[PDB]
Amino acid sequence: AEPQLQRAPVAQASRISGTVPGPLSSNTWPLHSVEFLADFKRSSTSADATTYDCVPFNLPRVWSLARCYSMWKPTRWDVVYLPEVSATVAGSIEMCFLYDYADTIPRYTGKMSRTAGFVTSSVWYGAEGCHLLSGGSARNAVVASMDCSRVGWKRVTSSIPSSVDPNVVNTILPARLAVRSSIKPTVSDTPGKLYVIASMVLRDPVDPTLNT
Amino acid sequence: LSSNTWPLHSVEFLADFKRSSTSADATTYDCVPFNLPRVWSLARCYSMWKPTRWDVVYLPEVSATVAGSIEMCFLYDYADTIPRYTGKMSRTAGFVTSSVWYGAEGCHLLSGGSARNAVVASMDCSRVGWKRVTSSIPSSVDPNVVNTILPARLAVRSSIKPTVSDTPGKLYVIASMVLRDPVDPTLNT
Amino acid sequence: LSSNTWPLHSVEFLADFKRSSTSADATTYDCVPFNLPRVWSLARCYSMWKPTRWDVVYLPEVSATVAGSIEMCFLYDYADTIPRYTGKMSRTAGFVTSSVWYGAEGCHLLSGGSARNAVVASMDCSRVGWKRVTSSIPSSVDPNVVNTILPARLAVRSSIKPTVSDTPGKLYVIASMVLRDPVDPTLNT
Amino acid sequence: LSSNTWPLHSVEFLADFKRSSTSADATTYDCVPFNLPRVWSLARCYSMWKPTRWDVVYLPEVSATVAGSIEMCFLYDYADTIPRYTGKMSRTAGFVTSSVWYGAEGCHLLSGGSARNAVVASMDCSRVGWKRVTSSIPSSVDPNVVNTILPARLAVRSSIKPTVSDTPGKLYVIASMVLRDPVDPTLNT
Amino acid sequence: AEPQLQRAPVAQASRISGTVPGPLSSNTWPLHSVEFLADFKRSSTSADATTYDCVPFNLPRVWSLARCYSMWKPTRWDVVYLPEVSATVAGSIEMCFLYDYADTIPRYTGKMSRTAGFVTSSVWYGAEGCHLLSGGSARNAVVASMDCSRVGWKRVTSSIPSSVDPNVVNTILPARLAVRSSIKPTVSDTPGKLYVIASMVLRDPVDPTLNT
Ligand SMILES: [Ca+2]
Ligand SMILES: [Ca+2]
Ligand SMILES: [Ca+2]
Ligand SMILES: [Ca+2]
Ligand SMILES: [Ca+2]
């Protein structure tokens with residue numbers, strides 16, 4: 001055919017609309033995952049509960065994805081206790097959630113029981129929780145569920161301002177998981193494992209390297 | 001109805017309406033559970049609260065000859081300046097004013113309803129979210145930090161400087177809220 | 001509708017799109033009423049505001065041969081670092097880039113609105129709650145405190161460094177919001 | 001609802017009811033946005049306004065022993081002579097009169113409704129067209145020129161000459177209007 | 001009914017088989033994405049081409065996901081040039097790929113043309129490449145495609161051993177993109193942008209924090 005006589009424009013707009021396509025470019029992105037939280041450490045001297053900040057950057061794998069978004073909203077967050085001790089082991093594991101950073105960490109059973117999301121279990125009970133981490137059946141699992149309803153959209157951070165008014169911390173920290181041992185062993189030990197079954201929604205992308 | 005949630009309707013004395021003989025500034029009251037002993041005793045057992053009502057009624061107890069009036073309004077931003085005069089009060093949310101000796105008819109508001117002849121200052125509670133219950137306020141902090149725990153402040157002012165400081169009536173709070181996540185009363189801050 | 005809630009749709013010049021001949025950093029604009037003189041005149045009369053739209057359209061006014069592009073995106077966390085380059089921009093929310101000379105078709109967005117071949121950067125307003133109207137930003141504080149008042153920041157970047165500092169266009173904001181509890185404009189901070 | 005139009009409901013302190021110890025003449029107040037600081041701050045952002053409500057409530061703050069009463073009426077023509085006495089006031093539009101110490105019951109009118117025992121002077125707003133918003137009034141001009149910008153004047157009078165000038169109560173404006181064509185607040189005259 | 005008389009076992013095995021469930025737990029995970037590579041910098045003094053290592057850690061968003069896997073295999077890797085200059089701009093952009101770290105970087109057109117994946121374009125041609133980044137239509141785009149067939153499974157790294165024998169570098173570096181300017185402007189400038197349209201397969205998960 002005839003060679004086409006192209007008309008050359010002074011320019012030609014180069015335009016892109018919206019976050020460049022890829023795995024985490026959608027306005028929002030829902031994510032469900034099982035994440036090892038920590039060892040159930042049993043102090044032999046302290047009766048104080050151990051605290052765990054329920055925020056994305058504390059979940060290595062989830063964090064990898066979460067740092068690509070600026071906002072997140074927890075939908076599930078459930079911590080399962082997996083026993084790794086015989087049925088001869090005395091003691092109990094106590095768990096509850098603290099929804100205000102300003103609130104004091106429970107130092108004993110009574111305090112723990114009076115706190116939201118409270119749960120206790122024979123340190124050797126709950127192995128069936130292993131099946132929770134995969135399929136389901138929380139029938140015989142030791143789980144501490146965090147109240148996620150009513151939790152709004154939180155900014156995704158890579159840190160927690162700890163030496164700051166608890167009120168500013170609250171703006172980023174939906175809740176803290178408080179884990180306590182009902183008794184003091186003669187020597188520190190680790191009766192089981194704590195795995196988190198988190199479900200959240202990420203929103204509004206951001207270059208990971210900028211996210212803090 | 002359930003699962004970390006139950007409504008609470010209460011009535012409690014808030015404070016005496018004090019008229020300064022020298023200052024024209026408005027007195028400010030933080031609308032949070034810990035400023036109401038009984039309500040506090042309940043709210044402290046929960047981690048989060050959400051005001052559904054919060055109304056402050058002025059009930060007079062002076063002679064029909066006392067001059068001056070009471071002015072009330074709500075401040076929803078800690079950073080906002082406290083009204084120094086009538087015009088300023090009149091321009092802010094929930095503004096209400098009434099002769100200092102009027103308002104006794106609003107006592108049935110304390111039990112029952114009919115705010116028909118009451119002197120009430122209602123706080124805008126719709127669209128007020130869940131706030132963490134606290135045992136105090138960080139007064140030396142950025143107002144924005146305070147706003148996190150303080151839904152609003154009630155600003156009360158006297159339209160007149162009496163010859164001597166005096167209290168013509170009292171303020172009663174009629175609050176209605178919902179509490180959420182259980183917490184040991186002694187550990188609530 | 002009503003009851004301490006006034007809806008508002010405005011259009012205002014936001015700022016000049018400035019291109020630095022030395023810095024590759026983006027310029028950020030705080031998406032809050034006090035940054036728009038006319039809108040501020042209105043918003044300062046209220047304690048609370050809630051953005052419903054907030055769109056910033058770029059209107060060019062340079063030769064079609066000028067080199068470079070304008071890049072825009074929104075930052076929803078004050079803690080988040082300001083983009084220093086195209087990828088950082090292309091990777092974040094509301095990203096949009098267009099040749100610096102392109103855009104005039106966007107004037108229709110201003111009057112009326114038929115955004116087609118318009119260069120707009122829309123902010124995520126859904127799920128943005130009632131914020132407190134302020135007259136400033138506490139930059140000297142924890143970014144989390146700032147977040148309390150800053151729904152988002154618009155990030156505008158020049159895809160390239162002109163040999164001389166210049167401004168090839170202007171940014172106009174098309175905001176839609178609802179205002180809530182009245183305050184004396186002079187006491188609103 | 002839209003395209004250069006949104007309703008505005010406001011409440012603001014208008015002025016102190018001042019009783020002259022020597023003059024029997026009525027004091028006059030121009031019912032225009034610029035005489036209400038906050039409302040002005042809003043209205044000035046628009047070129048045209050149209051009053052939908054405009055009610056002025058008298059709220060007393062004196063002893064039940066003060067004698068005399070307040071008289072109010074509206075004047076819809078700048079050329080019209082200001083009422084010198086009770087009969088004259090009583091014969092003009094919106095006329096209302098009440099003992100100077102009565103009216104506190106009308107405070108709920110400021111927030112909510114029920115003008116049931118209020119002392120309100122309502123301006124006839126139906127059939128009041130769009131008027132240009134102004135920052136002032138040409139007082140030395142033909143009344144007809146003034147009528148162009150002045151929907152009406154509120155005439156307030158004391159049915160008695162107290163021994164000394166005094167202010168028994170205050171006047172609060174409860175205005176409701178619609179604004180129309182945007183304008184830079186600083187350029188509005 | 002009758003209370004069930006539970007039989008208490010000496011223990012109860014706590015077992016989990018396979019990487020804990022979540023977004024990046026599958027043995028393999030395929031990922032396609034558009035990633036801004038860099039500015040097409042035009043030196044006014046050097047004629048040397050600029051090199052870009054075609055490896056995951058150089059793609060911020062992709063890297064977020066890629067660091068959760070230990071092995072990767074490029075399937076596509078295409079670099080698109082987007083012009084941001086008028087049709088009055090003189091010069092050309094030259095691109096090619098170097099598949100051996102030991103190979104010398106081309107210093108001129110002839111050298112560039114003799115190299116695999118070679119491509120040149122009027123610096124003001126190729127705006128239609130914008131549509132490539134989203135839908136498709138590479139009909140009028142300036143693209144430099146990397147030979148991915150025959151590229152095996154490479155270990156995912158967070159760095160490149162640069163002061164090491166090019167042969168060891170080759171074990172981790174599938175290829176380098178060489179970008180050159182056909183001419184020297186009177187002063188350094190940036191005629192356009194380089195975006196990468198990568199496609200790869202990730203395999204064998206690993207805690208991100210361990211991945212280096
Ligand atoms: Ca962040
Ligand atoms: Ca608390
Ligand atoms: Ca304010
Ligand atoms: Ca005017
Ligand atoms: Ca590795």
# chains A, B, ... in the order shown; residues from 1 in each chain; ligands from 1

$ residues_near_ligand --ligand "ligand 3" --cutoff "9 Å" --atoms "only C-alpha atoms and all ligand atoms" --output "count of residues only"
19

$ residues_near_ligand --ligand "ligand 5" --cutoff "6 Å" --atoms "only C-alpha atoms and all ligand atoms" --output "MDAnalysis selection string"
chainID E and resid 70 155:157 211:212

$ write_last_selection --atoms "C-alpha atoms" --output "short mmCIF file (atom, residue, chain, number, x, y, z; two decimals), in the first residue's frame"
data_model
loop_
_atom_site.label_atom_id
_atom_site.label_comp_id
_atom_site.auth_asym_id
_atom_site.auth_seq_id
_atom_site.Cartn_x
_atom_site.Cartn_y
_atom_site.Cartn_z
CA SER E 70 14.17 -17.53 48.04
CA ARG E 155 18.50 -17.16 44.12
CA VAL E 156 16.74 -14.01 45.38
CA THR E 157 19.25 -11.61 46.88
CA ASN E 211 16.37 -13.13 52.91
CA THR E 212 19.58 -11.49 51.74
#

$ interface_residues --of "chain C" --to "chain D" --cutoff "9 Å" --atoms "only C-alpha atoms" --output "PyMOL selection string"
chain C and resi 2-4+6-10+37-39+41-45+112+182-186

$ write_last_selection --atoms "N, CA and C atoms" --output "PDB file, in the first residue's frame"
ATOM      1  N   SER C   2     -30.070  19.151  57.595  1.00  0.00           N
ATOM      2  CA  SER C   2     -29.852  20.120  58.669  1.00  0.00           C
ATOM      3  C   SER C   2     -29.558  19.512  60.047  1.00  0.00           C
ATOM      4  N   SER C   3     -29.490  20.401  61.041  1.00  0.00           N
ATOM      5  CA  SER C   3     -29.210  20.102  62.450  1.00  0.00           C
ATOM      6  C   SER C   3     -27.714  20.101  62.699  1.00  0.00           C
ATOM      7  N   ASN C   4     -27.152  21.301  62.604  1.00  0.00           N
ATOM      8  CA  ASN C   4     -25.731  21.524  62.789  1.00  0.00           C
ATOM      9  C   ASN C   4     -24.954  20.783  61.729  1.00  0.00           C
ATOM     10  N   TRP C   6     -23.845  21.800  57.571  1.00  0.00           N
ATOM     11  CA  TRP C   6     -24.033  22.553  56.338  1.00  0.00           C
ATOM     12  C   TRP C   6     -23.136  22.018  55.214  1.00  0.00           C
ATOM     13  N   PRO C   7     -23.735  21.488  54.122  1.00  0.00           N
ATOM     14  CA  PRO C   7     -22.972  20.949  52.975  1.00  0.00           C
ATOM     15  C   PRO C   7     -22.391  22.070  52.119  1.00  0.00           C
ATOM     16  N   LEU C   8     -21.205  21.843  51.556  1.00  0.00           N
ATOM     17  CA  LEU C   8     -20.543  22.882  50.773  1.00  0.00           C
ATOM     18  C   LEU C   8     -19.688  22.390  49.612  1.00  0.00           C
ATOM     19  N   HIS C   9     -19.936  22.939  48.425  1.00  0.00           N
ATOM     20  CA  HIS C   9     -19.183  22.578  47.223  1.00  0.00           C
ATOM     21  C   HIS C   9     -18.445  23.818  46.756  1.00  0.00           C
ATOM     22  N   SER C  10     -17.123  23.776  46.754  1.00  0.00           N
ATOM     23  CA  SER C  10     -16.370  24.940  46.325  1.00  0.00           C
ATOM     24  C   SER C  10     -15.293  24.622  45.317  1.00  0.00           C
ATOM     25  N   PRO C  37      -8.236  30.190  51.214  1.00  0.00           N
ATOM     26  CA  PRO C  37      -8.795  31.434  51.757  1.00  0.00           C
ATOM     27  C   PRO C  37     -10.315  31.553  51.783  1.00  0.00           C
ATOM     28  N   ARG C  38     -10.969  31.424  50.637  1.00  0.00           N
ATOM     29  CA  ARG C  38     -12.416  31.548  50.636  1.00  0.00           C
ATOM     30  C   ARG C  38     -13.075  30.431  51.440  1.00  0.00           C
ATOM     31  N   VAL C  39     -12.700  29.183  51.171  1.00  0.00           N
ATOM     32  CA  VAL C  39     -13.290  28.060  51.893  1.00  0.00           C
ATOM     33  C   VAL C  39     -13.024  28.203  53.387  1.00  0.00           C
ATOM     34  N   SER C  41     -12.794  30.966  55.050  1.00  0.00           N
ATOM     35  CA  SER C  41     -13.712  31.971  55.559  1.00  0.00           C
ATOM     36  C   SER C  41     -15.009  31.315  56.001  1.00  0.00           C
ATOM     37  N   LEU C  42     -15.394  30.253  55.301  1.00  0.00           N
ATOM     38  CA  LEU C  42     -16.620  29.523  55.610  1.00  0.00           C
ATOM     39  C   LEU C  42     -16.400  28.476  56.694  1.00  0.00           C
ATOM     40  N   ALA C  43     -15.421  27.607  56.471  1.00  0.00           N
ATOM     41  CA  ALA C  43     -15.106  26.532  57.400  1.00  0.00           C
ATOM     42  C   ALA C  43     -14.735  26.988  58.806  1.00  0.00           C
ATOM     43  N   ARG C  44     -14.042  28.115  58.926  1.00  0.00           N
ATOM     44  CA  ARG C  44     -13.633  28.591  60.241  1.00  0.00           C
ATOM     45  C   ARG C  44     -14.822  28.917  61.146  1.00  0.00           C
ATOM     46  N   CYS C  45     -16.022  28.919  60.572  1.00  0.00           N
ATOM     47  CA  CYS C  45     -17.241  29.207  61.323  1.00  0.00           C
ATOM     48  C   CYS C  45     -17.811  27.942  61.925  1.00  0.00           C
ATOM     49  N   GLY C 112     -19.071  23.367  36.079  1.00  0.00           N
ATOM     50  CA  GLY C 112     -19.823  22.176  35.703  1.00  0.00           C
ATOM     51  C   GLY C 112     -19.007  20.932  35.967  1.00  0.00           C
ATOM     52  N   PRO C 182     -21.011  24.964  64.917  1.00  0.00           N
ATOM     53  CA  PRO C 182     -20.610  26.372  64.879  1.00  0.00           C
ATOM     54  C   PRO C 182     -19.653  26.839  65.964  1.00  0.00           C
ATOM     55  N   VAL C 183     -18.838  27.824  65.598  1.00  0.00           N
ATOM     56  CA  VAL C 183     -17.891  28.458  66.503  1.00  0.00           C
ATOM     57  C   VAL C 183     -17.684  29.856  65.970  1.00  0.00           C
ATOM     58  N   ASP C 184     -17.249  30.750  66.843  1.00  0.00           N
ATOM     59  CA  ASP C 184     -16.976  32.111  66.432  1.00  0.00           C
ATOM     60  C   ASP C 184     -15.733  32.012  65.543  1.00  0.00           C
ATOM     61  N   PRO C 185     -15.841  32.448  64.280  1.00  0.00           N
ATOM     62  CA  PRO C 185     -14.716  32.394  63.343  1.00  0.00           C
ATOM     63  C   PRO C 185     -13.401  32.860  63.945  1.00  0.00           C
ATOM     64  N   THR C 186     -13.479  33.854  64.819  1.00  0.00           N
ATOM     65  CA  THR C 186     -12.289  34.397  65.454  1.00  0.00           C
ATOM     66  C   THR C 186     -11.709  33.515  66.553  1.00  0.00           C
TER      67      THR C 186
END

$ interface_residues --of "chain A" --to "chain E" --cutoff "8 Å" --atoms "only C-alpha atoms" --output "NGL selection string"
:A and (8-16 or 20-24 or 31-35 or 60-62 or 64-65 or 68 or 82-88 or 124 or 127-128 or 130 or 133-134 or 207-209)

$ closest_residue --among "A:95, A:5, A:148, A:175" --to "ligand 2" --atoms "only C-alpha atoms and all ligand atoms"
A:175
